*Asks:* 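Following this message is one structure expressed as C-alpha cells.
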Amino acid sequence: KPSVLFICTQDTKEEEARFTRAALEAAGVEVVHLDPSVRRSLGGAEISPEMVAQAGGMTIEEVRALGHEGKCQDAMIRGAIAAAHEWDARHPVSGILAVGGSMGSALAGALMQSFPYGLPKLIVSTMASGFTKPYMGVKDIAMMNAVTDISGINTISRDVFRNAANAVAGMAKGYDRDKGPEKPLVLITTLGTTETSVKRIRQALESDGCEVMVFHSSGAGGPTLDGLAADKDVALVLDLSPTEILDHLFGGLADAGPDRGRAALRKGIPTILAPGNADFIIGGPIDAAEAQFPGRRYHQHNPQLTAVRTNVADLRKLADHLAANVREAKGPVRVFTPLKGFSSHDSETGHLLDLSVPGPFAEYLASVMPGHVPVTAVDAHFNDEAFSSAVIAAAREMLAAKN
Amino acid sequence: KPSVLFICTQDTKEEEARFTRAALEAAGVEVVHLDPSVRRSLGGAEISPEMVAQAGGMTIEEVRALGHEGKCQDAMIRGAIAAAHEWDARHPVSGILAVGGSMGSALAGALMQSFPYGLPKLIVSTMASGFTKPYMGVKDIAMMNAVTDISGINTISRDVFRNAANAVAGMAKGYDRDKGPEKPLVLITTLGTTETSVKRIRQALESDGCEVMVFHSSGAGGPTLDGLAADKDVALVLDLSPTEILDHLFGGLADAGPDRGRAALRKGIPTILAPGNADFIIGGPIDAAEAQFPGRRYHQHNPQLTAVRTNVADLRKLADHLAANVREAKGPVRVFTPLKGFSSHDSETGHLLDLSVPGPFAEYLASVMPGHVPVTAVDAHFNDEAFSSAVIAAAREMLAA
Ligand SMILES: COc1cc(C(C)=O)ccc1O
Ligand SMILES: COc1cc(C(C)=O)ccc1O
Ligand code: NA
Ligand code: NA
Ligand code: NA
C-alpha cells in the first residue's frame, strides 16, 4: 500500500482528522498523520505536535512560551517541514493531504512546495475566505474548499472530505516516484524585492531540465532550504537572500538562529551566495522599528513589518559571518555581489536607495573570503538582467561539472 | 464502470486530451469527452464542437465568425451546458474533469456550477495566472494548475494531468449520488450589482437545507437556469435579474433570445420575479454604446462594458414582457420590486441613480401583472436587508406550500 502524509491539527475539531483519515484508509492507503497543534495534544498521530516542534529546534514547551503569534506559526511551519522530510527520507510517501483553516493551509502550502514536483498534493481549506496563496504560486498543489452554508452557515462538508480522500488515494496509488527523467534539484532563497532576478534564474535553469524550488527568506524559508540540503538530494544551492542571517545579526524579525545557511556548505553541495536584500533589516511596526533602530531610513512594507536601511558597518558584520560560514564549506562555493543595489527597495524606484554602500561592501567581502572562494562584483543592480545572467552562467558551469 | 465528463479543447491540446483520456480509462472510468474547440473538430469526442455550438442554437461556423471574445465564449458556454445536461439526463456522469486555458477553465466553471453540489469536479487550468475564479466563489470545485517551466517555458505537465485523471477517477468510483438527504433545488439570477442581496438570499435558503445555484445573467446564465427549470426537479426559481430579457428588448450585449425566463413558468415551478438591474441595458465600449443608444446616460463599468441608463418607457416595455410571460405560468408566481433602486449603480453611491423611476414602474408593473400574482413594492433598495428579507420570507412560504 502507498503511504499518504496527512497534515491536520487536532486541537480544533478533532473529528475532521478522524473522518478524513478513515476515508483515506477505506480508499486503500496507509496514513502518516502529522499534527502541528500548539494548544493541545490529542494523540493518535504518527508525527505528534511534540515531534513537530522539536524537528524545528524547539520543544513544544518553548513554542507555547512564544509571545508572538507570527513566531509561533513560523516555529510549527519550520518543525512540520523538517519532520516531514526527516520521515520521507526514510519512508517515502506517495501523496500529501492537508485539512486546515487560514494558518493550517498556509503551513501545508509551504510544506508541499518543498516536495517534488509531481508528487500528489491536495489542500482542503476550511476558511470562508479564498484559498491560501502559496509563495510565488500554487505550482502543482490541488485545492478544494470544504466550507458550505448548506444545512447551516459555515458547515464543514464531509462530502468534500470524502471526495478529497478518494482523490488523493487515487493519485497516490497511481504515482510512481522513481519514474520520469531525474531532474537536478536547485534551491533558491528570495524576498519579494529580489523576485525579478530570481524568476529569470528559475526560468533559465528549469528550461535546462532542473527542478527549482524557491523559498521565502522571511523566517521559515531559509530553514526549509537548509533542511533539504542536509536530508535530501540537492544539486545546487543558490542562497541569494541572506535576510535570515542579517536579521539574526541585528535582532530582526526573520531571525531563524545562528545555523541559517550552513547546511549546504557542510554537506558540500555546490553553492552560490549573494547579498540580495542586504539593503534592509526587517523590523516590526514603524514605531517599534524606529525605537529599535534609531537614526535610519525606514520603509513601511505593511503594518507589521518595516524595512530598516542598512549601512556599511552593518554589512561588514554580514560579510564576516558569511566568510566564516564559507570557510567551513566542504564543497565548491561562488559569491556574486551587485554594485548598483541589493533589492527593489534599494533602487531608482524604491524608497531605500543608497548607492554608497554596495562598493565598500563588495571590496570588504572579497577581502574576507578565502582564496578558493572568488567574489565577483557585477556592475549592475541585483534585479538587472546582467546580474541574473551572471548567476545563471555560473550555475550552469557548476551543474555541468562531471562526477 | 462510472463515467466522467471530460472537458478539453483538442484544437490546442490534442496530445494532452488524448493522454488524459487514456489516463482516465486506465483508472477504470468511461469518458464522455466534450470538446468546445473553436478552430477544428478532431475525431473521438462524444460531444463534438459542432454539437456544442448547435446545442446552444448556433452553427460552429456562426460561432467562429463572431470574432468577439465575449459572444463566442457565451455561445460555447450555452451550448456546452445544454449538451452536457442532455447527455447526463439519460447517461448520468459521476464526475467532471476539465483541462483548459483562461476561456476553457471559465467555461468549465460555469458548467460545473450547474451540476449538483458534491459531484466530483476538478478544473486543471493551463494559464500562468493560476486558477479561474468561478462566479461568486469556488464552492465545491477542485482546482489544479498544470503550467511548468521544467524542460521548457510554459510547458504543461503530464504529471499533473495524470494526477488529475487519477484523482477524478478515484472520486467518481467512490461517488454515491443518492447519499445524504435530498436538498430542495433553488435557482437564482444576478449580476454583480445585485450580489449584496442575492448573497443573503442564498445563505438563508442554504441554511434551511436547500441547494442554491446562482447564475450570472450576462448572456449564458439565464439560459442555464431555463434549461434546468425545463428538465430537472427544481423547487423554486428566483429570477431576480432579467438583464437578458431587457437586453433582448433593446439589442444589448446580454441578449439570449426571446424565450429567456419562460421555462420555469411554463413548467409550473414556484417562481419569484424581481427587476434587479433594470436600471441599465448592457452596451459595449463607451463610444459605441453612445452611438447605439443615443440620448441617454452612461456608466463605464469596465473598458468592454457600458451600463446604459434605462428610462420610464423602457421599463414599461420590460413590465409588459414580464407580464406576458407570467400569464403563461402553470404554477405559483410572486413579484417583488424595490422602490429605492434596482442595483448598486442605482443608489446613492452609484452612477446611474434615478429615484424618480421605481415608483411609477412599480405602479405600472402591478397594473399589467395578472391579479392572482402579488406584486409587492418594498420601501427599500434592491440591496437593502429589507428587500432580501422580503424575498426570503416569500421563498420560504412557497417552499413550504
Ligand atoms: C516578509 O517578506 C518581505 C518583506 C519585505 C520588507 C520588510 O520590505 C519585502 C519583501 C518581502 O518578501
Ligand atoms: C456583465 O456583468 C455585469 C455588468 C455590469 C455593468 C455593465 O455595469 C455590472 C455587473 C455585472 O455583473
Ligand atoms: Na489546523
Ligand atoms: Na480535526
Ligand atoms: Na483547522
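Below, all heavy atoms of this structure are taken into account, side chains as well, without hydrogens, waters or symmetry copies. Chain letters run A, B, ... following the sequence lines, proteins first and then strands; every chain starts at 1.
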*Asks:* Please report the closest heavy-atom contact between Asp74(A) and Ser218(A), naming both atoms and the distance.
*Replies:*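 Looking at all heavy atoms of both residues, the closest pair is OD2-O, 4.2 Å.
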*Asks:* How far apart are the closest heavy atoms of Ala17(B) and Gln10(B), and which atoms are they?
*Replies:* CB-CG, 4.0 Å
*Asks:* Any chance you could measure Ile153(B), atom CD1, to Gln203(A), atom CD, to the nearest 0.5 Å?
*Replies:*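 Here the rounded value is 5.0 Å.
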*Asks:* What do you reckon, is CD of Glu15(B) surrounded by more than 12 foreign heavy atoms closer than 6.0 Å?
*Replies:* no
*Asks:* With sequence neighbours left out, which residue pairs that include part of residues 73-93 of chain A fulfil the ring-ring contact (aromatic ring centres under 6.0 Å, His included) condition?
*Replies:*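 Matches after skipping sequence neighbours: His85(A)-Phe115(A), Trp87(A)-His91(A).
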*Asks:* Strictly distance-based, threshold 3.5 Å: is any side-chain N or O of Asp159(B) a donor or acceptor partner for the main-chain N or O of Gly118(A)?
*Replies:* no
*Asks:* Looking only at heavy atoms, what is the nearest atom pair of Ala395(A) and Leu236(A), with distance?
*Replies:*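 Heavy atoms of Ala395(A) and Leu236(A) come nearest at CB-CD2, 3.7 Å.
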*Asks:* Give, for atom CD1 of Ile269(A) and atom CE of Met398(A), the distance between the pair rounded to the nearest 0.5 Å.
*Replies:* 11.0 Å
*Asks:* Indicate yes or no for a side-chain donor-acceptor contact from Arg78(A) to the backbone of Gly57(A) under 3.5 Å, with no hydrogens or angles considered.
*Replies:*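 Between the backbone of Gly57(A) and the side chain of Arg78(A) there is no qualifying donor-acceptor contact (under 3.5 Å).
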*Asks:* Going through the checks in order, is the side chain to side chain contact (heavy atoms under 4.5 Å, CB included) test met by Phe280(A) and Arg309(A)?
*Replies:* CA-CA 5 Å; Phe280(A) 56 97; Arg309(A) 176 74 237 193; 6.0 Å; no
*Asks:* Run the side-chain contact (heavy atoms from CB on, under 4.5 Å) test against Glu348(A) and tell me which residues pass, sequence neighbours left out.
*Replies:* none
*Asks:* To the nearest 0.5 Å, what is the distance between CD (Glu211(A)) and OH (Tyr117(A))?
*Replies:*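 Between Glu211(A) CD and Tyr117(A) OH, I get 9.5 Å after rounding to 0.5 Å.
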*Asks:* Any salt bridge (charged side-chain N to carboxylate O under 4.0 Å, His left out) pairs touching residues 175-198 of chain A, not counting sequence neighbours?
*Replies:* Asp88(A)-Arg177(A)
*Asks:* Quick one: salt bridge (charged side-chain N to carboxylate O under 4.0 Å, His left out) partners of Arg260(A), sequence neighbours excluded?
*Replies:*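 Expected list: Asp226(A), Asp239(A), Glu244(A).
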*Asks:* Got a sec, which residues hit ring pair (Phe, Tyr, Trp, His ring centres under 6.0 Å) with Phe387(A), two or more places apart in sequence or on another chain?
*Replies:*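 Per chain and number, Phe387(A) pairs via ring pair (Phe, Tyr, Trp, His ring centres under 6.0 Å) with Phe382(A).
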*Asks:* Please name all residues satisfying ring pair (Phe, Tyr, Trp, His ring centres under 6.0 Å) with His381(A), sequence neighbours left out, ordered by chain then number.
*Replies:* none
*Asks:* My understanding is that only residues two or more places apart in sequence, or in another chain, count here; which of them pass ring pair (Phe, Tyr, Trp, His ring centres under 6.0 Å) with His301(A)?
*Replies:*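 Here no residue qualifies.
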*Asks:* Nearest 0.5 angstrom please: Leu187(A) CG to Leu225(A) CG, how far?
*Replies:*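 Here the rounded value is 4.5 Å.
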*Asks:* Is it the case that the side chain of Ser367(A) and the backbone of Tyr364(A) share a donor-acceptor pair, with hydrogens and angles ignored and the cut-off at 3.5 Å?
*Replies:* yes
*Asks:* So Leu97(A) and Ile7(A), do their side chains get closer than 4.5 Å, heavy atoms only?
*Replies:*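 No; the side chains remain at least 4.5 Å from each other.
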*Asks:* Of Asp354(A), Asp346(A), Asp379(A), which meets salt bridge (charged side-chain N to carboxylate O under 4.0 Å, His left out) against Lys340(A)?
*Replies:*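 It is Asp379(A), the one option of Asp354(A), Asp346(A), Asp379(A) that forms the salt bridge (charged side-chain N to carboxylate O under 4.0 Å, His left out) with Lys340(A).
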*Asks:* With distance as the sole test, does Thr189(A) use its side chain to make a donor-acceptor pair with the main-chain N or O of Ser241(A) at under 3.5 Å?
*Replies:* yes
*Asks:* For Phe361(A) and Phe342(A), I'd like to know if the aromatic rings sit close, meaning centre-to-centre distance below 6.0 Å.
*Replies:* yes
*Asks:* Please check: side-chain N/O of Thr126(B) versus main-chain N/O of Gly100(B), any donor-acceptor pairing under 3.5 Å?
*Replies:* yes
*Asks:* When you measure from the side chain of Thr196(A) to the backbone of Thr194(A), do you find a donor-acceptor pair of N or O atoms at a distance under 3.5 Å?
*Replies:*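 No.
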*Asks:* Taking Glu206(A) for the side chain and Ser151(B) for the main chain, is one N or O donor matched with an acceptor at less than 3.5 Å?
*Replies:*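 The answer is no, because no donor-acceptor pair under 3.5 Å joins these two groups.
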*Asks:* Any donor-acceptor pair under 3.5 Å linking the side chain of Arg202(A) with the backbone of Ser197(A)?
*Replies:* no
*Asks:* Please step through side chain to side chain donor-acceptor pair (under 3.5 Å) for the pair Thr9(B) and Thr12(B), ending with a clear verdict.
*Replies:* CA-CA 6 Å; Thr9(B) 58; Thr12(B) 49; 3.2 Å; yes
*Asks:* Please give me the minimum heavy-atom distance between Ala75(A) and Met58(A), naming the atom from each residue.
*Replies:* CB-SD, 3.9 Å
*Asks:* Which residue pairs pass the salt bridge (charged side-chain N to carboxylate O under 4.0 Å, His left out) test when at least one of the two sits in residues 316-330 of chain A, sequence neighbours left out?
*Replies:*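 Qualifying pairs: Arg262(A)-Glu328(A), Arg266(A)-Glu328(A).
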*Asks:* Salt bridge or not for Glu16(B) and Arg158(B), using N-O below 4.0 Å?
*Replies:*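 Answer for the salt bridge query: no.
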*Asks:* Under 4.0 Å between a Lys/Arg side-chain N and an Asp/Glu carboxylate O for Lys121(A) and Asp140(A)?
*Replies:* yes
*Asks:* Decide whether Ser105(A) and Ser125(A) meet the rule of one side-chain donor and one side-chain acceptor closer than 3.5 Å.
*Replies:* yes
*Asks:* Under 3.5 Å, side chain of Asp247(A) to main-chain N/O of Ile282(A), donor-acceptor pair present?
*Replies:* yes
*Asks:* For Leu34(A) and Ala80(A), work out which heavy atoms get closest and say how close.
*Replies:* CD1-O, 3.6 Å
*Asks:* Enter the distance from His33(A):NE2 to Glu46(A):CD here, rounded to the nearest 0.5 Å.
*Replies:* 8.0 Å
*Asks:* Any ring-ring contact (aromatic ring centres under 6.0 Å, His included) involving residues 165-212 of chain A? Give me the pairs, sequence neighbours left out, ordered by first then second residue.
*Replies:* none
*Asks:* If I compare all heavy atoms of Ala323(A) with all of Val368(A), which pair ends up nearest, and what's the gap?
*Replies:* CB-O, 3.5 Å
*Asks:* Does one side chain, of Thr310(A) or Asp279(A), offer a donor that lies under 3.5 Å from an acceptor on the other?
*Replies:* no
*Asks:* Roughly how far apart are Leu273(A) CG and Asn325(A) CG, rounded to 0.5 Å?
*Replies:* 8.0 Å
*Asks:* Who passes side-chain contact (heavy atoms from CB on, under 4.5 Å) against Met51(A), sequence neighbours left out?
*Replies:*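 Testing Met51(A) for side-chain contact (heavy atoms from CB on, under 4.5 Å), a comparison that skips the adjacent residues, returns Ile47(A), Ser48(A).
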*Asks:* Sort and list the pairs that fulfil ring-ring contact (aromatic ring centres under 6.0 Å, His included) and have at least one residue in residues 191-224 of chain A, not counting sequence neighbours.
*Replies:* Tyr135(A)-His216(A)
*Asks:* Are any side-chain N or O atoms of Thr155(B) and backbone N or O atoms of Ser157(B), one a donor and one an acceptor, separated by less than 3.5 Å?
*Replies:*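 Here the side-chain-to-backbone pair does not exist.
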*Asks:* Under 4.0 Å between a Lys/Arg side-chain N and an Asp/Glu carboxylate O for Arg21(A) and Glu30(A)?
*Replies:*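 Between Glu30(A) and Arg21(A) there is no salt bridge, as every charged N stays at least 4.0 Å from the carboxylate O atoms.
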*Asks:* What residues, two or more places apart in sequence or in another chain, satisfy side-chain contact (heavy atoms from CB on, under 4.5 Å) together with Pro184(A)?
*Replies:* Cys210(A), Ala235(A), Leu399(A)
